[PDB]
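Novice: Got a structure here, written out as structure tokens. Questions coming.
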Amino acid sequence: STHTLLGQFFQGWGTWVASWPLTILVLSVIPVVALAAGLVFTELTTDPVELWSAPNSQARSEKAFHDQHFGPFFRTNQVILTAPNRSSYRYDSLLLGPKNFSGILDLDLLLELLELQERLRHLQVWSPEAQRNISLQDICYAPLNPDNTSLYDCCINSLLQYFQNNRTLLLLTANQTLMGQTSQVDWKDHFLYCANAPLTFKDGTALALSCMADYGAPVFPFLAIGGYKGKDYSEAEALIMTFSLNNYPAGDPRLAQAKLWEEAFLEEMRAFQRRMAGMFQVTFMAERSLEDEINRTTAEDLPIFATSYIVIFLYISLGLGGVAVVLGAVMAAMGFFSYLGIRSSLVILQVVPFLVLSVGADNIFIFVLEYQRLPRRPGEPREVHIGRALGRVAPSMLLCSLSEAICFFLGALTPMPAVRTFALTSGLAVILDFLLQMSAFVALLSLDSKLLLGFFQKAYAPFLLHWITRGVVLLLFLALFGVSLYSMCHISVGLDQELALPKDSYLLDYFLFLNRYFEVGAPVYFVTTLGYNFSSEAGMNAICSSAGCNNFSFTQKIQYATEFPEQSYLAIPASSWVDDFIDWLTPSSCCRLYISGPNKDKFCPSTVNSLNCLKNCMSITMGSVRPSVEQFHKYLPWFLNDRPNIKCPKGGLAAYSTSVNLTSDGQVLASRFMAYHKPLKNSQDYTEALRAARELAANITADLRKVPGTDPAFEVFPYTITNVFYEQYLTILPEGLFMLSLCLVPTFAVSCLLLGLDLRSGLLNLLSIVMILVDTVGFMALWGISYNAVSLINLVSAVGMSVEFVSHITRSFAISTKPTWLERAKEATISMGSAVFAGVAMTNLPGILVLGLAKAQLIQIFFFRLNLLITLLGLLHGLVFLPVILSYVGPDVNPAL
Ligand SMILES: *[C@@H]1O[C@H](CO)[C@@H](O[C@@H]2O[C@H](CO)[C@@H](O)[C@H](O[C@@H]3O[C@H](CO)[C@@H](O)[C@H](O)[C@H]3NC(C)=O)[C@H]2NC(C)=O)[C@H](O)[C@H]1NC(C)=O
Ligand SMILES: *[C@@H]1O[C@H](CO)[C@@H](O[C@@H]2O[C@H](CO)[C@@H](O)[C@H](O[C@@H]3O[C@H](CO)[C@@H](O)[C@H](O)[C@H]3NC(C)=O)[C@H]2NC(C)=O)[C@H](O)[C@H]1NC(C)=O
Ligand SMILES: *[C@@H]1O[C@H](CO)[C@@H](O[C@@H]2O[C@H](CO)[C@@H](O[C@@H]3O[C@H](CO)[C@@H](O)[C@H](O)[C@H]3NC(C)=O)[C@H](O)[C@H]2NC(C)=O)[C@H](O)[C@H]1NC(C)=O
Ligand SMILES: *[C@@H]1O[C@H](CO)[C@@H](O[C@@H]2O[C@H](CO)[C@@H](O[C@@H]3O[C@H](CO)[C@@H](O)[C@H](O)[C@H]3NC(C)=O)[C@H](O)[C@H]2NC(C)=O)[C@H](O)[C@H]1NC(C)=O
Ligand SMILES: O=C1[C@H](CC[C@H](O)c2ccc(F)cc2)[C@@H](c2ccc(O)cc2)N1c1ccc(F)cc1
Ligand SMILES: *[C@@H]1O[C@H](CO)[C@@H](O)[C@H](O[C@@H]2O[C@H](CO)[C@@H](O)[C@H](O)[C@H]2NC(C)=O)[C@H]1NC(C)=O
Ligand SMILES: CC(C)CCC[C@@H](C)[C@H]1CC[C@H]2[C@@H]3CC=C4C[C@@H](O)CC[C@]4(C)[C@H]3CC[C@]12C
Ligand SMILES: CC(C)CCC[C@@H](C)[C@H]1CC[C@H]2[C@@H]3CC=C4C[C@@H](O)CC[C@]4(C)[C@H]3CC[C@]12C
Ligand SMILES: CC(C)CCC[C@@H](C)[C@H]1CC[C@H]2[C@@H]3CC=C4C[C@@H](O)CC[C@]4(C)[C@H]3CC[C@]12C
Ligand SMILES: CC(C)CCC[C@@H](C)[C@H]1CC[C@H]2[C@@H]3CC=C4C[C@@H](O)CC[C@]4(C)[C@H]3CC[C@]12C
Ligand SMILES: *[C@@H]1O[C@H](CO)[C@@H](O)[C@H](O)[C@H]1NC(C)=O
Ligand SMILES: *[C@@H]1O[C@H](CO)[C@@H](O)[C@H](O)[C@H]1NC(C)=O
Ligand SMILES: *[C@@H]1O[C@H](CO)[C@@H](O)[C@H](O)[C@H]1NC(C)=O
Ligand SMILES: *[C@@H]1O[C@H](CO)[C@@H](O)[C@H](O)[C@H]1NC(C)=O
Ligand SMILES: *[C@@H]1O[C@H](CO)[C@@H](O)[C@H](O)[C@H]1NC(C)=O
């Protein structure tokens with residue numbers, strides 16, 4: 001008899017608390033201030049976007065490997081222009097004939113872009129470190145000269161670097177004759193040539209200009225122009241400007257002083273946008289922007305949510321004290337984790353009370369209603385009266401605040417750190433609410449000494465409980481179940497990137513141009529783990545692509561997967577370094593040795609010419625030349641220090657200077673192979689591209705481990721900058737369904753174990769909760785709400801919350817001792833359904849009056865838009881179905897003396 005013992009215990013507890021209310025109130029209000037001091041002490045928040053990745057997941061372990069061996073990924077800042085007013089026209093270029101250009105490639109706009117680019121290059125900002133005024137050379141990603149980066153060696157990708165940013169070279173007209181000349185060649189004839197082959201040093205036109213940038217590296221067309229899918233390289237609808245800044249770990253001061261340059265870059269481009277509006281639509285984005293704009297919306301709406309926990313006060317209209325009790329409990333639970341050490345963000349800190357308070361106030365309302373509705377046996381004071389009232393309401397009030405702490409704690413197994421912190425914070429707020437609304441609230445309820453609901457509940461009852469009503473409500477809700485369980489399959493898993501922003505930020509314009517005008521997605525690298533030999537003649541051929549090497553190979557596998565971009569999510573070949581290194585070892589003035597030079601007997605660089613150096617590295621021509629082992633360690637570092645000029649453009653440190661990590665002897669440890677994704681638009685494309693690249697990587701490693709000298713536990717994994725975000729969605733269906741399905745067991749095993757309910761009433765309770773979950777999943781899929789990590793903690797919270805909808809109804813039916821089932825549930829409805837309705841409306845009205853006007857996309861889609869569905873879909877299953885279903889398959893009469 002576990003139910004009877006709890007009532008006796010809580011009745012004696014309530015009588016003693018009524019006896020000593022002042023002392024219990026002071027001694028239970030004093031241990032809240034100590035826990036609340038943890039908030040004011042530090043409460044360290046987590047600003048950046050590394051609160052959305054599992055700290056030991058495989059996708060972040062690969063990032064920790066790559067970041068260690070090759071340095072971190074470069075931060076990118078972009079500007080897109082896309083002039084829409086001008087008209088496409090015609091140009092009869094002498095080489096390729098007719099070409100019908102677009103309006104953005106007119107010469108009147110390129111100069112105006114150049115005067116913005118060369119002024120963004122010379123930008124200086126004052127830092128918190130007051131000594132040094134920061135230039136761009138300190139924090140720029142220079143792939144050719146990192147030792148002392150001059151200001152002209154920083155990576156500034158744009159179309160203007162086909163002319164090396166030279167104004168006079170851009171304004172150049174040259175006579176050229178093929179005997180049918182009829183014109184002079186202008187800059188566009190040179191741009192059309194450089195688009196086809198970016199590696200050329202001497203242009204094939206009459207005017208000669210290299211297609212290489214100011215820093216000695218080629219610039220590809222997809223990094224410069226976009227929106228050119230048909231009619232290639234002629235009808236670009238948008239220019240592109242890109243600045244690359246090298247990234248550091250979070251503790252380094254250079255990252256602190258490189259986020260201050262991007263702020264001035266944004267504040268200068270925002271002035272550039274309004275300086276000209278009749279000829280451009282410039283949209284920009286810095287890497288600082290996204291992680292410091294989703295915090296702005298959350299930090300600009302705390303006063304607009306302060307009406308939430310004051311509109312909690314007005315709906316009860318002894319009530320101020322209860323809301324103060326729940327707010328103190330939630331604040332203490334919020335501040336307790338600072339002592340243990342948990343870096344929670346302000347976004348987590350803003351929505352915790354507005355989901356715990358909606359469950360913490362209903363128990364107060366139920367207790368005060370049962371205290372003010374009791375028969376009030378005379379001959380005894382209130383000191384036993386409140387204990388007598390609390391004895392038969394304590395266990396039912398204990399189920400609904402213990403079947404939510406269990407649900408929230410069980411829901412804290414999600415991979416995301418911030419969702420885990422939100423679950424852990426609200427899992428202890430409610431459990432520190434139930435312990436503090438009897439040790440403090442009962443003292444106030446004894447210390448206070450010094451309608452119409454039951455009107456129309458008895459008219460709402462004849463609307464139900466009749467065969468007109470009891471035979472249509474059942475099949476209608478079963479049809480709702482039948483439509484929801486087949487609409488569940490249309491649900492879409494994945495969280496879009498644009499839902500973190502408001503409806504008015506410039507990043508929405510940037511993403512709308514990025515999804516529509518780019519032609520290559522983010523780059524990806526096929527990293528090679530430690531172990532591969534890379535030296536044997538039978539070792540290079542498995543990673544080769546040309547001149548005698550094998551039929552199928554790694555850099556041949558990537559190129560073959562490029563040709564079906566719809567299935568494999570790649571759009572550019574691999575560009576391996578062994579393929580370029582074998583080309584560089586070909587003779588004729590690339591790799592040469594001094595013969596009679598005692599002082600420089602090893603290397604003759606390409607730029608030096610004389611009659612001294614004449615011997616080649618590779619000895620004699622032969623079919624499919626490949627170096628020996630001893631010729632590898634000599635000749636590989638030299639290839640990583642030969643800048644490409646026009647005497648040997650075969651390769652060098654232009655693109656491979658940080659793609660191989662040499663040891664202290666000459667055995668390579670790891671490598672990278674850079675290939676570009678196809679244009680990825682929504683969040684169902686990122687995860688699918690991740691899976692379709694990872695399976696290709698596993699195919700490559702399974703093919704590559706067959707060589708003789710290799711080592712097992714050697715895998716070639718893919719890595720891109722956003723792999724650490726969308727890696728969870730491969731495995732959120734099995735780990736999401738399992739967490740929900742295991743979450744019903746501790747509620748079913750306790751709701752039928754606390755208050756009667758042997759099998760049938762608890763079974764109907766489980767049927768109601770499963771119906772609520774399937775209906776809310778179907779309506780969530782039908783609205784457009786996604787199914788991600790942040791939209792699963794809400795469903796777990798609804799599973800915890802629905803015990804409110806059902807437990808009091810099944811309680812009042814079980815205690816009912818009236819004769820027939822046709823009217824036995826009427827007393828239970830009139831007794832408890834009104835109180836449950838008031839409790840549900842207690843979350844319904846403040847659940848809509850604040851979170852529906854949040855102005856953030858995250859709160860407006862995942863907390864107002866979804867909690868409203870659960871709240872007004874649990875009313876229909878708790879006030880229209882459950883009493884009706886209990887009148888047909890309801891248990892027989894319990895005496896229950
Ligand atoms: C870092 O930033 C500081 C401040 O912008 C900059 O100092 C600049 O020095 C030059 C040369 O003096 C000027 O642009 C200017 O210094 C003087 O400023 C006064 C007050 O407006 C002017 O009346 C003077 O014309 C001018 N110098 C003289 C006497 O001709 C100052 N910046 C401004 C415009 O206030 C540094 O150059 C930057 N980098 C560092 C630390 O070198
Ligand atoms: C990568 O793969 C190469 C080729 O298989 C391998 O080179 C091998 O090194 C071992 C250890 O020194 C050598 O034993 C082996 O052949 C040796 O080559 C010298 C050259 O003058 C001969 O004089 C030796 O007799 C002979 N073996 C000895 C030392 O007695 C050599 N393979 C050949 C035939 O070139 C590398 O070790 C592999 N590297 C890694 C990272 O495992
Ligand atoms: C090519 O590979 C090299 C070897 O893996 C890299 O050099 C390694 O850089 C690591 C940091 O990126 C270092 O790790 C830190 O080393 C210090 C000194 O021993 C330790 O105290 C730290 O615990 C450790 N990690 C930190 C910072 O917590 C390695 O020490 C260092 N070499 C090794 C493995 O000993 C190169 O960075 C990489 N490419 C180049 C040349 O940049
Ligand atoms: C943008 O393009 C300009 C045009 O190419 C560059 O200016 C050119 O620089 C060349 C190298 O200094 C000049 O050659 C020199 O010209 C002078 C004066 O005519 C002669 O005395 C020299 O003999 C000759 N060089 C040598 C070493 O013999 C070109 O004359 C000059 N272009 C013209 C026609 O004015 C700019 O340098 C370039 N901008 C940048 C950033 O470099
Ligand atoms: O920042 C952030 C968001 C998480 C912040 C925090 O973890 C949270 C959120 C809600 C809670 F209840 C409790 C904690 C998240 C994001 C979440 C919802 C969205 O509609 C959009 C983005 N994202 C992101 C950022 C970049 C990106 F590439 C993909 C996603
Ligand atoms: C290209 O063609 C010839 C090749 O020598 C060259 O003379 C042109 O320059 C002259 O410019 C004149 C003024 O625009 C033009 O009318 C004339 O056709 C042309 N030379 C003559 C007399 O035929 C070169 N074109 C230009 C405009 O520089
Ligand atoms: C003569 C007797 C009654 C004196 C001893 C009374 C002791 C056992 C009582 C009096 C007040 C009580 C406290 C009142 C309030 C709280 C806050 C609650 O969140 C945890 C328990 C805690 C901290 C209680 C612990 C037990 C307590 C200290
Ligand atoms: C070193 C720095 C970060 C220390 C300063 C930490 C600051 C930002 C902390 C300390 C106390 C915090 C407050 C503590 C309590 C609450 C109530 C909660 O319902 C909303 C957030 C709010 C209002 C917090 C906002 C952030 C806050 C002001
Ligand atoms: C790096 C170190 C310091 C991290 C320590 C934090 C982690 C590992 C541990 C330390 C103490 C732990 C807490 C101890 C007690 C409780 C109360 C329980 O009802 C729910 C879990 C909860 C809230 C634990 C959560 C995990 C926790 C916060
Ligand atoms: C073509 C697409 C984009 C049109 C979408 C129209 C939107 C506004 C529609 C589609 C589905 C609709 C929902 C369908 C079901 C319910 C349950 C009901 O108890 C409250 C209203 C609510 C929650 C609806 C609100 C409006 C709604 C969200
Ligand atoms: C393409 O070129 C032809 C001939 O110059 C021209 O008539 C046509 O208008 C051009 N294309 C577009 C989209 O206008
Ligand atoms: C600055 O750059 C030049 C470029 O050659 C280099 O020689 C010099 O060593 C660098 N300065 C220092 C102090 O290293
Ligand atoms: C130029 O383009 C802007 C932006 O679309 C537009 O508002 C403006 O009317 C255009 N002006 C003209 C007439 O070219
Ligand atoms: C595959 O290798 C065989 C044997 O070297 C060769 O005959 C064949 O041409 C290669 N495959 C293709 C598609 O050429
Ligand atoms: C690579 O891919 C194809 C199709 O996925 C697969 O059938 C084949 O077995 C894989 N190659 C290897 C070496 O297993």
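Lettering and numbering for the structure tokens are positional, with chains as A, B, ... in the shown order, residues counted from 1 in each chain, and ligands counted from 1 in the shown order.
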Please check which protein, DNA or RNA residues sit within 6 Å of ligand 4, counting only C-alpha atoms and all ligand atoms, and write them as a ChimeraX atom specification.
Specialist: /A:166,168-169
Novice: What does the list of residues within 12 Å of ligand 7 look like if you count only C-alpha atoms and all ligand atoms, written as number ranges by chain?
Specialist: A: 13, 16-17, 19-35, 325-326, 328-330, 332-333, 428-443
Novice: What residues of the protein or nucleic acid chains come within 12 Å of ligand 14 when you use only C-alpha atoms and all ligand atoms? Reply as an MDAnalysis selection string.
Specialist: chainID A and resid 546:553 556 560
Novice: Return as a Markdown table the residues of chain A lying at most 7 Å from ligand 9, together with the closest atom-to-atom pair for each and the distance in Å to one decimal, counting only C-alpha atoms and all ligand atoms, with rows in chain order and ascending residue number.
Specialist:
```
| residue | atom | partner | partner_atom_place_in_ligand_line | distance |
| --- | --- | --- | --- | --- |
| A:340 | CA | ligand 9 | 28 (C) | 6.0 |
| A:341 | CA | ligand 9 | 3 (C) | 6.2 |
| A:409 | CA | ligand 9 | 20 (C) | 6.9 |
| A:424 | CA | ligand 9 | 23 (C) | 6.4 |
| A:428 | CA | ligand 9 | 19 (O) | 6.7 |
```
Novice: When you count only C-alpha atoms and all ligand atoms, which of these residues is closest to ligand 11: A:42, A:645, A:93, A:469?
Specialist: A:93
Novice: Which neighbours of residue A:399 fall inside 10 Å, counting only C-alpha atoms, when residues of the same chain fewer than 4 positions from it are skipped, and could you give them as number ranges by chain?
Specialist: A: 394-395, 403-404, 747, 750-751, 754-755, 803-804, 807
Novice: At a cut-off of 12 Å around ligand 1, and using only C-alpha atoms and all ligand atoms, what residues come up? Please write them as a VMD selection string.
Specialist: chain A and resid 122 to 127 129 to 135
Novice: Determine, for each residue of chain A having at least one atom at most 8 Å from an atom of ligand 5, the closest pair of atoms and their separation in Å to one decimal, counting only C-alpha atoms and all ligand atoms; order by chain and ascending number, as JSON lines.
Specialist:
```
{"residue": "A:48", "atom": "CA", "partner": "ligand 5", "partner_atom_place_in_ligand_line": "1 (O)", "distance": 7.4}
{"residue": "A:49", "atom": "CA", "partner": "ligand 5", "partner_atom_place_in_ligand_line": "1 (O)", "distance": 5.3}
{"residue": "A:51", "atom": "CA", "partner": "ligand 5", "partner_atom_place_in_ligand_line": "7 (O)", "distance": 5.7}
{"residue": "A:52", "atom": "CA", "partner": "ligand 5", "partner_atom_place_in_ligand_line": "7 (O)", "distance": 5.5}
{"residue": "A:290", "atom": "CA", "partner": "ligand 5", "partner_atom_place_in_ligand_line": "26 (C)", "distance": 7.3}
{"residue": "A:291", "atom": "CA", "partner": "ligand 5", "partner_atom_place_in_ligand_line": "1 (O)", "distance": 6.8}
{"residue": "A:294", "atom": "CA", "partner": "ligand 5", "partner_atom_place_in_ligand_line": "1 (O)", "distance": 6.4}
{"residue": "A:295", "atom": "CA", "partner": "ligand 5", "partner_atom_place_in_ligand_line": "1 (O)", "distance": 7.8}
{"residue": "A:345", "atom": "CA", "partner": "ligand 5", "partner_atom_place_in_ligand_line": "6 (C)", "distance": 7.2}
{"residue": "A:347", "atom": "CA", "partner": "ligand 5", "partner_atom_place_in_ligand_line": "14 (C)", "distance": 5.7}
{"residue": "A:348", "atom": "CA", "partner": "ligand 5", "partner_atom_place_in_ligand_line": "13 (C)", "distance": 4.6}
{"residue": "A:351", "atom": "CA", "partner": "ligand 5", "partner_atom_place_in_ligand_line": "12 (F)", "distance": 6.9}
{"residue": "A:416", "atom": "CA", "partner": "ligand 5", "partner_atom_place_in_ligand_line": "7 (O)", "distance": 7.2}
{"residue": "A:417", "atom": "CA", "partner": "ligand 5", "partner_atom_place_in_ligand_line": "7 (O)", "distance": 7.2}
{"residue": "A:418", "atom": "CA", "partner": "ligand 5", "partner_atom_place_in_ligand_line": "7 (O)", "distance": 4.4}
{"residue": "A:419", "atom": "CA", "partner": "ligand 5", "partner_atom_place_in_ligand_line": "13 (C)", "distance": 5.0}
{"residue": "A:421", "atom": "CA", "partner": "ligand 5", "partner_atom_place_in_ligand_line": "14 (C)", "distance": 7.8}
{"residue": "A:422", "atom": "CA", "partner": "ligand 5", "partner_atom_place_in_ligand_line": "13 (C)", "distance": 5.8}
{"residue": "A:495", "atom": "CA", "partner": "ligand 5", "partner_atom_place_in_ligand_line": "20 (O)", "distance": 6.2}
{"residue": "A:496", "atom": "CA", "partner": "ligand 5", "partner_atom_place_in_ligand_line": "21 (C)", "distance": 6.4}
{"residue": "A:497", "atom": "CA", "partner": "ligand 5", "partner_atom_place_in_ligand_line": "29 (C)", "distance": 5.0}
{"residue": "A:498", "atom": "CA", "partner": "ligand 5", "partner_atom_place_in_ligand_line": "21 (C)", "distance": 6.6}
{"residue": "A:499", "atom": "CA", "partner": "ligand 5", "partner_atom_place_in_ligand_line": "20 (O)", "distance": 4.0}
{"residue": "A:500", "atom": "CA", "partner": "ligand 5", "partner_atom_place_in_ligand_line": "21 (C)", "distance": 3.5}
{"residue": "A:501", "atom": "CA", "partner": "ligand 5", "partner_atom_place_in_ligand_line": "21 (C)", "distance": 7.3}
{"residue": "A:722", "atom": "CA", "partner": "ligand 5", "partner_atom_place_in_ligand_line": "28 (F)", "distance": 6.9}
{"residue": "A:725", "atom": "CA", "partner": "ligand 5", "partner_atom_place_in_ligand_line": "29 (C)", "distance": 6.2}
{"residue": "A:726", "atom": "CA", "partner": "ligand 5", "partner_atom_place_in_ligand_line": "29 (C)", "distance": 7.8}
{"residue": "A:790", "atom": "CA", "partner": "ligand 5", "partner_atom_place_in_ligand_line": "10 (C)", "distance": 5.8}
{"residue": "A:857", "atom": "CA", "partner": "ligand 5", "partner_atom_place_in_ligand_line": "20 (O)", "distance": 6.1}
{"residue": "A:858", "atom": "CA", "partner": "ligand 5", "partner_atom_place_in_ligand_line": "20 (O)", "distance": 4.2}
{"residue": "A:859", "atom": "CA", "partner": "ligand 5", "partner_atom_place_in_ligand_line": "10 (C)", "distance": 7.5}
{"residue": "A:861", "atom": "CA", "partner": "ligand 5", "partner_atom_place_in_ligand_line": "20 (O)", "distance": 7.1}
{"residue": "A:862", "atom": "CA", "partner": "ligand 5", "partner_atom_place_in_ligand_line": "20 (O)", "distance": 7.2}
{"residue": "A:863", "atom": "CA", "partner": "ligand 5", "partner_atom_place_in_ligand_line": "12 (F)", "distance": 7.8}
```
Novice: Keeping only C-alpha atoms, write the selected residues as a CSV table (one decimal), in the first residue's frame.
Specialist:
```csv
chain,number,residue,atom,x,y,z
A,48,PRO,CA,30.7,31.3,-30.2
A,49,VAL,CA,29.1,28.4,-32.2
A,51,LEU,CA,28.0,25.0,-28.3
A,52,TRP,CA,26.5,23.0,-31.2
A,290,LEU,CA,26.9,34.9,-37.8
A,291,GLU,CA,28.3,34.1,-34.3
A,294,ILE,CA,22.3,35.3,-33.2
A,295,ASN,CA,23.4,36.5,-29.8
A,345,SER,CA,25.0,30.6,-23.1
A,347,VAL,CA,20.2,31.7,-25.2
A,348,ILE,CA,20.0,28.8,-22.8
A,351,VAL,CA,14.0,30.1,-22.0
A,416,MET,CA,24.6,18.9,-28.5
A,417,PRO,CA,26.2,20.6,-25.5
A,418,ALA,CA,23.8,23.5,-25.2
A,419,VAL,CA,20.7,21.3,-25.4
A,421,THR,CA,22.9,22.1,-20.5
A,422,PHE,CA,19.3,23.3,-21.0
A,495,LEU,CA,18.0,22.4,-39.0
A,496,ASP,CA,18.5,25.0,-41.7
A,497,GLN,CA,21.3,27.5,-41.3
A,498,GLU,CA,19.0,30.5,-41.9
A,499,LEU,CA,16.7,29.9,-39.0
A,500,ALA,CA,19.2,31.2,-36.4
A,501,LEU,CA,18.7,34.8,-37.7
A,722,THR,CA,30.9,22.5,-41.5
A,725,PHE,CA,27.6,20.8,-37.3
A,726,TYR,CA,25.6,18.4,-39.6
A,790,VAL,CA,16.4,21.2,-30.3
A,857,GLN,CA,13.3,32.7,-35.6
A,858,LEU,CA,14.5,30.0,-33.1
A,859,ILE,CA,12.1,30.9,-30.3
A,861,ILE,CA,9.5,28.3,-34.5
A,862,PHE,CA,10.6,25.9,-31.9
A,863,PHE,CA,9.1,27.2,-28.6
```
Novice: Can you tell me which residues come within 9 Å of ligand 11 when counting only C-alpha atoms and all ligand atoms, ideally as a count of residues only?
Specialist: 12
